[PDB]
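Before any comments, here is the structure.
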Amino acid sequence: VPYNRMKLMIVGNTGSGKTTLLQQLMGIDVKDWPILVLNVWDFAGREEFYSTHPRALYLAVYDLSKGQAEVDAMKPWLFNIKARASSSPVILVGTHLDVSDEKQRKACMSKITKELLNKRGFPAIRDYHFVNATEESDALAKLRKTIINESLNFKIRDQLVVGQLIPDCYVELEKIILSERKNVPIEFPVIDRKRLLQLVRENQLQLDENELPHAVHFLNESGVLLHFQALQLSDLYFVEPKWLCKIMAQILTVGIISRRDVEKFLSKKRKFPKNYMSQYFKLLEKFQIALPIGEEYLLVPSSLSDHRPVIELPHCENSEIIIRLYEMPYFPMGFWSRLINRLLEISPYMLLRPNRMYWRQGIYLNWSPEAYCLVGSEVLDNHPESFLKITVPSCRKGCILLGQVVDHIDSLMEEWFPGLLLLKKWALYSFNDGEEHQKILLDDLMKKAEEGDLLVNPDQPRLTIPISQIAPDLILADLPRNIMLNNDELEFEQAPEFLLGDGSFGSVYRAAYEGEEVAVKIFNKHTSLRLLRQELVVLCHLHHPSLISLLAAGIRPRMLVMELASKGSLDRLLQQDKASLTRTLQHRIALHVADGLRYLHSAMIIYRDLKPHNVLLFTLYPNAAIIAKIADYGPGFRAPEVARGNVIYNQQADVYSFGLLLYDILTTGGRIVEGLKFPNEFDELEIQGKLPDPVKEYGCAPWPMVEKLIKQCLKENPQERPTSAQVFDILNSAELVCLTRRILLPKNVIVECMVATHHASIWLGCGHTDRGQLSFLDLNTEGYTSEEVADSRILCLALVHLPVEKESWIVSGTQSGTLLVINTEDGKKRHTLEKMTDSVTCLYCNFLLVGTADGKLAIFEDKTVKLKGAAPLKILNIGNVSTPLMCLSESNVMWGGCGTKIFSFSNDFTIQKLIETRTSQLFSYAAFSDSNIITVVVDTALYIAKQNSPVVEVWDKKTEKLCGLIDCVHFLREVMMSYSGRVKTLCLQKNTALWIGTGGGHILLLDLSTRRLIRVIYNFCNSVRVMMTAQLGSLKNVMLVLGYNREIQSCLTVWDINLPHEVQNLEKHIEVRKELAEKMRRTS
Ligand SMILES: Nc1nc2c(ncn2[C@@H]2O[C@H](COP(=O)(O)OP(=O)(O)O)[C@@H](O)[C@H]2O)c(=O)[nH]1
Ligand SMILES: [Mg+2]
């Protein structure tokens, strides 16, 4: 709809009469003026808004009776206007004509025809008038006509360039919002409830990702409300303009003042939340009201004395100091307060605190007679142009100070006062102490710097000056010793065959430095020096192992010598050698990139470019201290948020980009990268966020943990996405590396036993029901079936393998005592062996050993079990009706548990010793010692776990003695009723790893050679049921951990058998690099 509202900006200096001008025509006094409704902003006082937060017409008002001097005073105002809206209309109005002789009128008339109306650099004043008085006038009638017609003309001009007129149509929903924001009654008008207000007005502009940002954008430009977009009080805090302006302006007027006393006053004036108060102070900085000095003080630039304090500097002879001048036509408004804010952080030691003084128009830092710094404004007669003077003592520390000052000045101007980049840079020098200084432009000194000569007096050759004294910042004399270029080491040709690449900065060649391969950036005639120094500032102070460091810089040919990558960029590797891209290598690359991001984010630097083309590899050797680095720190791969082209980049954009990188790493084919070849789908795909399952879609081997990390990372909402610090923490995990698969079982399925086929599937029992039900899991497809095969509940399964006969059978022992034997190659071949006198408690198989609940051990001949109703070879009575067999271990002598005794068997099935373990109660606790044995692990000692024990007993089988206890509670006691500490199962690996499962979701990794805790693996599931060691169909060895996850959920987790080693190796890796980070940062 045809929006017909436009802003009127009235500017001028204090005492101009501009408010009364407005009155008759009809910090900032804001009121509507229906004529066309104008939103009139009367900048009554020094409202910095015109620089702190700069469809509008400008009315420039000045006092004619003051004259030409006032006209000149308006140049900064005009500059500022042009600097933010050169296309906007400007009407120049002189006032006080009734007390100003026409001499002044025509003097100022000629003044503006000579210096503003026909002068570039000012926003082409559209028209002008002179007014006698605000009583009324024909001049004012004409002015009103001018304002109206010109504002119409302006919007016509916008239609010619922008495409919008004074009835330009804007989405009506935005118009509605304006009205909704008008209707707001809040004591402390700070808005967050806007989300609700959207919901109050039905739900308009529902594209929160696009329409909402546009509405907000409009709301600031249209003069309705205020976002403050890196502040915390920014996005969710929309504030009434009247309060923002009023309160901050008042506090200025309510010069060093302690923060706390300001807080005291403010708390009485307006009871803001202390959180808001911290932001309040931050706003004072950003709006140039007050600058932070120490953490307890504010400078308050405005109102500082403007009578440069008497300062006597040490050093007096011309050769003792260095002087630099900046010639300007006028200082921009706010130039000084911004400059001061930057200069306050200067320090010659950053590579005692200074006695600082403030002039408003200058800063004096003291430190020491050895190194001090004075920056301030000075003006000479017959030279209208104002200008800066910088003075430092001529020595290395003085140089360092100078470098910092001029870098801040140039950066200030590039960001805030472009257009000037005027700024005539002069250096002062003399050929003899006691004489006057001579001026020279730095451009000419640069011409001489290229020659490398002394500055030579053209009239008298005997008089020369070593350039460095005049300009030690043209020659890079302020570099750290560590990066000064040694010209006897650097070896390069600049020949075509060494060209590695180029750009707007010049070109890059391959070279040698101190015997190493390096890359040399050359600033080949591209506004050099300034670009060079900008790069030097960024490169220094960033010293992380994952970044490309600087290996000396040199002004003689203007070079940056940097580290050259040995294996090249990731992108190439992805497309050229998947064999190198092992699972181990991939993980390490992810760590190194994550560190770089964490570091740069803590350094307040947004990378904005994470793609495979930017990742450099320095060795494919998986176990190296440094593998990947991020290039050039300081396309279709964009976050969907920033892809809109209407928001601001931040760490969350980088995080999203990282997630995509990780996705690209996961699928080593670079399948989405191949998608780039069809960019119309590729860029949109990323925008949609609808990425396909990396496993299913590309045929990529499973990698859980990472898979969910990517999903967690790539969220649509920036506030939901993980921080880069968190991303790293997640990547820093042995579990991440070694977890390979996780299969959930169907709801309400309880498996009490497992048999993996050693040849890729698992036979599962089922204790959920009370019926003999046998299930089956296909690891190749994660397929699952199940059928009832027996009456009573299946207790134990065993695999009979007869490779000689080319067949195998599953033996199912159950509660009834029967043995159901089923051919694995033929489900129809089912038969039952001689029924046992009690239930079957365990199976082992060659002989099929059947341990029953009455302590009886049946031994069946290897092949015999094929026949239905077959009887055992022999039967032994070990225990009794109350002492069941529960474990047959063998690692050809058997060992096992019977009640509280440990038995052992020969190859003739004779008892070789009955070790009563009840005597262990002399140690530990009798109710733990006196309990049925659950499992026996046979190594160089026996490891016994008893039912409901928290302690594992270690026995010396050679002497039958207790040789130690393992307290599981203790280990988890060190870890900060899920912590039952009950031991569930014991597995043993011959590399000394001992795997102990427990009641809660924890797995302890112990070191058998020292009996020490390697690591606690936890938050696995609710409870661990069984653990198996099994070789996969790929021949890879893994742990099969079956657990409960009560919602009776249960699941199978597959772990890489080398977990114990990965835990230790990873830990080492992380620590080594940690030390290197400190090494680098400390050198500086
Ligand atoms: N002689 C004369 N004085 C004026 C005229 N316009 C404004 N002034 C005086 O200027 C004062 C208004 O200043 P004001 O606009 O409040 O101050 P400012 O906002 O800082 O410029 C009143 O005293 C006016 O009488 C005029 O046309 N003729
Ligand atoms: Mg006023």
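Ordering of the structure tokens sets the chain letters (A, B, ...), residue numbers begin anew at 1 in every chain, and ligands are numbered from 1 in the order given.
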**Report entry** Selection within 9 Å of ligand 2 by only C-alpha atoms and all ligand atoms, output as number ranges by chain
**Finding:** A: 14-20, 28-29, 42-45
Report task. Taking the chain letters and numbering used in this document, name the residues of range 408-481 of chain A that DSSP puts in strand (DSSP E), as a VMD selection string. Result -> chain A and resid 424 to 429 438 to 441 455 to 456 464 to 465
Query raised in the report: Can you list, as a ChimeraX atom specification, every protein, DNA or RNA residue that comes within 12 Å of range 408-421 of chain A when you count only C-alpha atoms, leaving out same-chain residues fewer than 5 positions away?
Result: /A:51-54,76,79-84,86,120-123,324-346,375,388-390,401-403,530-531,533-534,537
Serialized selection, C-alpha atoms, as a PDB file, in the first residue's frame:
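So result-v4.pdb came out as:
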```pdb
ATOM      1  CA  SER A  51      26.777   9.729  13.492  1.00  0.00           C
ATOM      2  CA  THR A  52      25.948   7.056  16.099  1.00  0.00           C
ATOM      3  CA  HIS A  53      22.922   5.752  14.251  1.00  0.00           C
ATOM      4  CA  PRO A  54      22.520   7.692  10.957  1.00  0.00           C
ATOM      5  CA  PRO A  76      31.105  19.028   8.764  1.00  0.00           C
ATOM      6  CA  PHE A  79      29.998  16.152   4.953  1.00  0.00           C
ATOM      7  CA  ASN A  80      28.215  13.900   7.364  1.00  0.00           C
ATOM      8  CA  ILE A  81      25.002  14.167   5.365  1.00  0.00           C
ATOM      9  CA  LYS A  82      26.735  13.293   2.120  1.00  0.00           C
ATOM     10  CA  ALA A  83      28.584  10.511   3.901  1.00  0.00           C
ATOM     11  CA  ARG A  84      25.321   8.738   4.742  1.00  0.00           C
ATOM     12  CA  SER A  86      24.312  11.910  -0.695  1.00  0.00           C
ATOM     13  CA  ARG A 120      32.211  18.555  -4.650  1.00  0.00           C
ATOM     14  CA  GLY A 121      32.439  16.792  -1.334  1.00  0.00           C
ATOM     15  CA  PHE A 122      29.179  18.378  -0.234  1.00  0.00           C
ATOM     16  CA  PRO A 123      25.771  16.750  -1.084  1.00  0.00           C
ATOM     17  CA  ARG A 324      53.787  13.274  11.782  1.00  0.00           C
ATOM     18  CA  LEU A 325      51.061  15.619  10.462  1.00  0.00           C
ATOM     19  CA  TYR A 326      47.581  15.080   8.990  1.00  0.00           C
ATOM     20  CA  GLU A 327      46.140  17.987   7.016  1.00  0.00           C
ATOM     21  CA  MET A 328      42.349  18.145   6.896  1.00  0.00           C
ATOM     22  CA  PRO A 329      39.811  20.770   5.692  1.00  0.00           C
ATOM     23  CA  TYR A 330      37.814  20.193   8.882  1.00  0.00           C
ATOM     24  CA  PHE A 331      37.394  17.430  11.396  1.00  0.00           C
ATOM     25  CA  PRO A 332      34.295  15.219  10.915  1.00  0.00           C
ATOM     26  CA  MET A 333      31.781  15.304  13.721  1.00  0.00           C
ATOM     27  CA  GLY A 334      32.644  12.665  16.276  1.00  0.00           C
ATOM     28  CA  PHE A 335      36.125  12.248  14.780  1.00  0.00           C
ATOM     29  CA  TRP A 336      37.821  12.963  18.045  1.00  0.00           C
ATOM     30  CA  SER A 337      35.676  10.931  20.340  1.00  0.00           C
ATOM     31  CA  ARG A 338      36.104   7.918  18.126  1.00  0.00           C
ATOM     32  CA  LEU A 339      39.820   8.482  17.792  1.00  0.00           C
ATOM     33  CA  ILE A 340      40.253   8.724  21.526  1.00  0.00           C
ATOM     34  CA  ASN A 341      38.380   5.520  22.126  1.00  0.00           C
ATOM     35  CA  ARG A 342      40.841   3.728  19.877  1.00  0.00           C
ATOM     36  CA  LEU A 343      44.015   5.414  21.117  1.00  0.00           C
ATOM     37  CA  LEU A 344      43.376   4.555  24.777  1.00  0.00           C
ATOM     38  CA  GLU A 345      44.593   0.984  24.266  1.00  0.00           C
ATOM     39  CA  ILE A 346      48.071   1.835  22.960  1.00  0.00           C
ATOM     40  CA  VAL A 375      48.546  13.203  19.859  1.00  0.00           C
ATOM     41  CA  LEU A 388      46.860  16.382  13.748  1.00  0.00           C
ATOM     42  CA  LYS A 389      50.296  16.213  15.234  1.00  0.00           C
ATOM     43  CA  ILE A 390      51.800  13.001  16.542  1.00  0.00           C
ATOM     44  CA  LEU A 401      53.933   3.588  19.558  1.00  0.00           C
ATOM     45  CA  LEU A 402      53.947   5.528  16.313  1.00  0.00           C
ATOM     46  CA  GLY A 403      52.994   2.487  14.329  1.00  0.00           C
ATOM     47  CA  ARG A 530      48.707   0.099   3.624  1.00  0.00           C
ATOM     48  CA  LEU A 531      47.560  -3.332   2.585  1.00  0.00           C
ATOM     49  CA  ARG A 533      50.471  -3.256   7.259  1.00  0.00           C
ATOM     50  CA  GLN A 534      46.843  -4.298   7.563  1.00  0.00           C
ATOM     51  CA  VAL A 537      48.303  -6.356  12.174  1.00  0.00           C
TER      52      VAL A 537
END
```
Requested in this report: Skip range 159-172 of chain A itself and residues of its chain fewer than 3 positions away, then list as a ChimeraX atom specification all residues within 8 Å of it, counting only C-alpha atoms.
Outcome: /A:1-6,152,155-156,175-176
Store the residues of this selection in a file with C-alpha atoms, as a PDB file, in the first residue's frame.
```pdb
ATOM      1  CA  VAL A   1       0.000   0.000   0.000  1.00  0.00           C
ATOM      2  CA  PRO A   2       1.026   3.629  -0.852  1.00  0.00           C
ATOM      3  CA  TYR A   3       2.899   4.771   2.243  1.00  0.00           C
ATOM      4  CA  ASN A   4       2.890   8.599   2.486  1.00  0.00           C
ATOM      5  CA  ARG A   5       5.168   9.381   5.427  1.00  0.00           C
ATOM      6  CA  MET A   6       8.636  10.954   5.236  1.00  0.00           C
ATOM      7  CA  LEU A 152       8.232  15.568  -3.949  1.00  0.00           C
ATOM      8  CA  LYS A 155      11.075  11.073  -4.042  1.00  0.00           C
ATOM      9  CA  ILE A 156      10.966  11.415  -7.809  1.00  0.00           C
ATOM     10  CA  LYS A 175       2.045  -0.699   7.961  1.00  0.00           C
ATOM     11  CA  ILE A 176      -0.130  -2.591  10.426  1.00  0.00           C
TER      12      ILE A 176
END
```
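Note that CA of residue 148 in chain A and CA of residue 110 in chain A are 26.1 Å apart.
The residue set within 12 Å of residue 270 in chain A, counting only C-alpha atoms and dropping same-chain residues fewer than 4 places from it, reads residues 187, 188, 189, 243, 246, 247, 248, 250, 251, 262, 263, 264, 265, 266, 274, 276, 277 and 280 of chain A.
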Take the residues from that selection and write them out as a JSON list (two decimals), in the first residue's frame, keeping N, CA, C and O atoms.
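That gives us selection.json:
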```json
[["chain", "number", "residue", "atom", "x", "y", "z"],
["A", 187, "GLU", "N", 6.01, 0.85, 31.11],
["A", 187, "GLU", "CA", 6.76, 1.69, 32.06],
["A", 187, "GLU", "C", 8.22, 1.90, 31.66],
["A", 187, "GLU", "O", 8.70, 3.03, 31.64],
["A", 188, "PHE", "N", 8.91, 0.81, 31.34],
["A", 188, "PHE", "CA", 10.28, 0.83, 30.82],
["A", 188, "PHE", "C", 10.24, 0.23, 29.43],
["A", 188, "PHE", "O", 10.59, -0.94, 29.26],
["A", 189, "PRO", "N", 9.78, 1.00, 28.44],
["A", 189, "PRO", "CA", 9.55, 0.60, 27.05],
["A", 189, "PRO", "C", 10.71, -0.12, 26.37],
["A", 189, "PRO", "O", 11.39, 0.43, 25.51],
["A", 243, "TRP", "N", 13.00, 7.30, 25.05],
["A", 243, "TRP", "CA", 13.76, 6.94, 26.23],
["A", 243, "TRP", "C", 15.21, 6.79, 25.96],
["A", 243, "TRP", "O", 16.03, 7.24, 26.75],
["A", 246, "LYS", "N", 16.48, 10.40, 25.59],
["A", 246, "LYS", "CA", 16.32, 11.18, 26.80],
["A", 246, "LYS", "C", 17.25, 10.79, 27.91],
["A", 246, "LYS", "O", 17.99, 11.63, 28.42],
["A", 247, "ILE", "N", 17.22, 9.53, 28.30],
["A", 247, "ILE", "CA", 18.02, 9.10, 29.42],
["A", 247, "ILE", "C", 19.50, 9.25, 29.20],
["A", 247, "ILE", "O", 20.20, 9.72, 30.09],
["A", 248, "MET", "N", 19.98, 8.85, 28.03],
["A", 248, "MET", "CA", 21.41, 8.94, 27.80],
["A", 248, "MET", "C", 21.86, 10.40, 27.76],
["A", 248, "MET", "O", 22.91, 10.74, 28.31],
["A", 250, "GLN", "N", 20.44, 12.86, 29.32],
["A", 250, "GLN", "CA", 20.40, 13.37, 30.67],
["A", 250, "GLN", "C", 21.61, 12.98, 31.45],
["A", 250, "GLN", "O", 22.25, 13.85, 32.03],
["A", 251, "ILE", "N", 21.98, 11.70, 31.41],
["A", 251, "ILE", "CA", 23.13, 11.23, 32.17],
["A", 251, "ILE", "C", 24.39, 11.96, 31.80],
["A", 251, "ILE", "O", 25.21, 12.25, 32.67],
["A", 262, "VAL", "N", 27.93, 6.66, 38.83],
["A", 262, "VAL", "CA", 26.94, 6.75, 37.77],
["A", 262, "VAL", "C", 25.83, 5.74, 38.02],
["A", 262, "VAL", "O", 24.66, 6.06, 37.87],
["A", 263, "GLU", "N", 26.22, 4.52, 38.42],
["A", 263, "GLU", "CA", 25.26, 3.47, 38.73],
["A", 263, "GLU", "C", 24.34, 3.88, 39.85],
["A", 263, "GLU", "O", 23.14, 3.63, 39.79],
["A", 264, "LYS", "N", 24.90, 4.53, 40.87],
["A", 264, "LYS", "CA", 24.11, 4.99, 42.00],
["A", 264, "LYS", "C", 23.04, 5.95, 41.56],
["A", 264, "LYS", "O", 21.87, 5.79, 41.91],
["A", 265, "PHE", "N", 23.43, 6.96, 40.79],
["A", 265, "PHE", "CA", 22.46, 7.92, 40.31],
["A", 265, "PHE", "C", 21.40, 7.26, 39.45],
["A", 265, "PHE", "O", 20.21, 7.47, 39.67],
["A", 266, "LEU", "N", 21.84, 6.49, 38.46],
["A", 266, "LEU", "CA", 20.94, 5.82, 37.53],
["A", 266, "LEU", "C", 19.91, 4.96, 38.23],
["A", 266, "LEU", "O", 18.74, 4.97, 37.87],
["A", 274, "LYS", "N", 20.13, -4.75, 36.52],
["A", 274, "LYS", "CA", 21.57, -4.60, 36.42],
["A", 274, "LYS", "C", 22.11, -5.17, 35.11],
["A", 274, "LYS", "O", 23.13, -4.69, 34.60],
["A", 276, "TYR", "N", 20.57, -4.89, 32.30],
["A", 276, "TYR", "CA", 20.32, -3.81, 31.38],
["A", 276, "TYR", "C", 21.30, -2.69, 31.62],
["A", 276, "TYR", "O", 21.72, -2.03, 30.67],
["A", 277, "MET", "N", 21.70, -2.49, 32.88],
["A", 277, "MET", "CA", 22.67, -1.46, 33.21],
["A", 277, "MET", "C", 24.02, -1.76, 32.58],
["A", 277, "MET", "O", 24.69, -0.85, 32.11],
["A", 280, "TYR", "N", 23.57, -0.74, 29.24],
["A", 280, "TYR", "CA", 23.43, 0.69, 29.24],
["A", 280, "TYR", "C", 24.79, 1.32, 29.07],
["A", 280, "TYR", "O", 24.98, 2.18, 28.22]]
```
Contact residues around range 979-984 of chain A with only C-alpha atoms at 7 Å, ignoring same-chain residues under 2 positions, as an mmCIF file with N, CA and C atoms, in the first residue's frame:
```cif
data_model
loop_
_atom_site.group_PDB
_atom_site.id
_atom_site.type_symbol
_atom_site.label_atom_id
_atom_site.label_comp_id
_atom_site.auth_asym_id
_atom_site.auth_seq_id
_atom_site.Cartn_x
_atom_site.Cartn_y
_atom_site.Cartn_z
ATOM 1 N N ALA A 945 33.419 -62.454 39.478
ATOM 2 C CA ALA A 945 32.345 -61.540 39.813
ATOM 3 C C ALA A 945 31.206 -62.351 40.366
ATOM 4 N N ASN A 948 25.391 -59.642 42.622
ATOM 5 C CA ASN A 948 25.159 -58.428 43.378
ATOM 6 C C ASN A 948 26.395 -57.874 44.070
ATOM 7 N N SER A 949 27.574 -58.323 43.681
ATOM 8 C CA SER A 949 28.789 -57.782 44.246
ATOM 9 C C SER A 949 29.138 -56.512 43.516
ATOM 10 N N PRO A 950 29.836 -55.615 44.177
ATOM 11 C CA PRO A 950 30.432 -54.431 43.619
ATOM 12 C C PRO A 950 31.927 -54.610 43.545
ATOM 13 N N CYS A 968 34.556 -51.378 42.300
ATOM 14 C CA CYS A 968 33.890 -50.623 41.247
ATOM 15 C C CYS A 968 33.214 -49.366 41.758
ATOM 16 N N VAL A 969 32.740 -49.406 42.994
ATOM 17 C CA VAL A 969 32.099 -48.250 43.574
ATOM 18 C C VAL A 969 33.082 -47.133 43.682
ATOM 19 N N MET A 977 19.595 -43.532 42.226
ATOM 20 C CA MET A 977 20.361 -44.723 42.524
ATOM 21 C C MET A 977 20.893 -45.411 41.268
ATOM 22 N N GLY A 997 31.215 -54.224 32.927
ATOM 23 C CA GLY A 997 29.911 -53.593 32.815
ATOM 24 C C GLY A 997 29.312 -53.478 34.192
ATOM 25 N N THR A 998 28.278 -52.673 34.341
ATOM 26 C CA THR A 998 27.681 -52.530 35.652
ATOM 27 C C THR A 998 26.187 -52.332 35.628
ATOM 28 N N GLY A 999 25.632 -52.116 36.813
ATOM 29 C CA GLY A 999 24.202 -51.935 36.980
ATOM 30 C C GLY A 999 23.684 -50.739 36.212
ATOM 31 N N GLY A 1000 24.358 -49.606 36.335
ATOM 32 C CA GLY A 1000 23.957 -48.421 35.591
ATOM 33 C C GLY A 1000 24.612 -48.435 34.223
ATOM 34 N N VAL A 1024 23.457 -52.408 31.817
ATOM 35 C CA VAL A 1024 24.137 -53.334 30.903
ATOM 36 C C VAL A 1024 23.722 -54.782 31.123
ATOM 37 N N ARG A 1025 23.296 -55.470 30.069
ATOM 38 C CA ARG A 1025 22.892 -56.856 30.234
ATOM 39 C C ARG A 1025 24.019 -57.838 29.927
#
```
Extract, using only C-alpha atoms, all DNA, RNA and protein residues at most 9 Å from residue 297 in chain A, discarding same-chain residues fewer than 3 positions from it, and format them as an mmCIF file with N, CA and C atoms, in the first residue's frame.
```cif
data_model
loop_
_atom_site.group_PDB
_atom_site.id
_atom_site.type_symbol
_atom_site.label_atom_id
_atom_site.label_comp_id
_atom_site.auth_asym_id
_atom_site.auth_seq_id
_atom_site.Cartn_x
_atom_site.Cartn_y
_atom_site.Cartn_z
ATOM 1 N N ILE A 256 36.423 12.961 34.545
ATOM 2 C CA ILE A 256 36.411 11.520 34.767
ATOM 3 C C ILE A 256 35.468 11.175 35.894
ATOM 4 N N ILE A 257 34.537 10.270 35.623
ATOM 5 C CA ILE A 257 33.546 9.892 36.619
ATOM 6 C C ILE A 257 33.527 8.400 36.857
ATOM 7 N N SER A 258 33.540 7.997 38.121
ATOM 8 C CA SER A 258 33.481 6.581 38.418
ATOM 9 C C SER A 258 32.175 5.963 38.013
ATOM 10 N N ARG A 259 32.288 4.789 37.424
ATOM 11 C CA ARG A 259 31.169 3.976 37.004
ATOM 12 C C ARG A 259 30.154 3.801 38.098
ATOM 13 N N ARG A 260 30.643 3.583 39.310
ATOM 14 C CA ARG A 260 29.781 3.233 40.409
ATOM 15 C C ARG A 260 28.911 4.376 40.821
ATOM 16 N N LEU A 291 33.255 6.937 27.477
ATOM 17 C CA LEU A 291 34.147 5.856 27.123
ATOM 18 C C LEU A 291 34.712 5.207 28.370
ATOM 19 N N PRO A 292 34.856 3.895 28.397
ATOM 20 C CA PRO A 292 35.470 3.150 29.475
ATOM 21 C C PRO A 292 36.939 3.517 29.617
ATOM 22 N N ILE A 293 37.372 3.792 30.839
ATOM 23 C CA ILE A 293 38.781 4.039 31.113
ATOM 24 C C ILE A 293 39.282 2.783 31.789
ATOM 25 N N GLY A 294 39.227 2.763 33.115
ATOM 26 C CA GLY A 294 39.538 1.561 33.849
ATOM 27 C C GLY A 294 38.211 0.872 33.979
#
```
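Distances here use only C-alpha atoms; by that measure, the residue among A:646, A:279, A:1034, A:947 closest to residue 237 in chain A is A:279.
Between CA of residue 545 in chain A and CA of residue 606 in chain A the separation is 18.0 Å.
Of the residues in range 367-407 of chain A, those that DSSP places in alpha helix (DSSP H) on the basis of the backbone are residues 396, 397, 398, 399, 400, 401, 402, 403, 404, 405, 406 and 407 of chain A.
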Query raised in the report: For the atom pair atom 5 (C, counted along the ligand's line) of ligand 1 and CA of residue 99 in chain A, what is the interatomic distance in Å to one decimal place?
Result: 8.9 Å
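Closest approach to ligand 1 among A:140, A:1048, A:57, A:727 is made by A:140 (distances from only C-alpha atoms and all ligand atoms).
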